[PDB]
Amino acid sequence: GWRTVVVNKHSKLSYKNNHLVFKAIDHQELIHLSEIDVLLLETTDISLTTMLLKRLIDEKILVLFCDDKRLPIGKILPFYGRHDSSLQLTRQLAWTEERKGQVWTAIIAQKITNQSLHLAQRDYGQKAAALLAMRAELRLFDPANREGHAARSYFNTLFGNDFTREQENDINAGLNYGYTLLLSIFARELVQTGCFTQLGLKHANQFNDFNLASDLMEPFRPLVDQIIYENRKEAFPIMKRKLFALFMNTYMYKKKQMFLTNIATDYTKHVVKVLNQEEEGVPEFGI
């Protein structure tokens, strides 16, 4: 499925004949469920049925909930992403601490490389090389916090030395929003392979239930950074709309132009195979 359905009108959502049924007072739309990739519920004026939700969960549709300010606040978490789900669990519980370290660190390296590539892209040839240096000094589970130093540098270079990444502004709001979209994509994909998302590689179960998704999405963060950077002078509502480009656009991955959700599926499946010690090379994503 390939559509991102955005609902922000007072309406009743229901299910009939394999269709999502949208009823507003004005008009009415039927959308075939197999066509839908993501269902995004922006507003608090929407009714929906539990039948619909069941069927949404059956098809593997990412469902997002929002608050009063149209920021996302949660997602549906299926319990049983497969019929074979028991098998992967046992494997996941057996992931060795050394292999988790290898994989996690491999992944963070890709993130830093992509942060650098993005800096290069904005004609900061110099600070870009600096990040590559921080990357070369990485050791397992990054005890030195090279990731965090790389990030602080990266963000100061992009948005000036006045900028923290904890300050209340349109730029951070945008970044956060985009990052949540990504989170949701990978949370879905993980569950679909039979893994628990609560169990992260570096911190399992630490202050949140989606640690493993956060770990996997790391290399993709710059995709959102790019978009926000390009709209850094815009209002938040525009930033938000521009961010949906993530689902419309295609990106180079394994020599092919692929849609982001499809990349995330392949990426996740292979990361999981490597953690399971069924194969070696961690897959690479570069911007």
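Residue indices: 1-based, along the sequence shown.
- When the C-alpha B-factors of 48-56 and 64-72 are averaged, 64-72 comes out higher.
- For the segment pair 130-138 and 179-187, the entry gives 130-138 the higher mean B-factor, averaged over Cα atoms.
- In this structure the maximum Cα B-factor among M258, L30, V38, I228 is found at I228.
- Among the modelled residues of its chain, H19 has a C-alpha B-factor that falls in the lowest third according to the deposited record.
- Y253 sits in the middle third of its chain by CA B factor, as recorded in the PDB entry.
- Sorting the modelled residues of the chain by their CA temperature factor places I287 in the highest third.
- When the modelled residues of the chain are ordered by their C-alpha B factor, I263 lands in the middle third.
- In this PDB entry, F79 carries a Cα temperature factor that places it within the lowest third of its chain's modelled residues.
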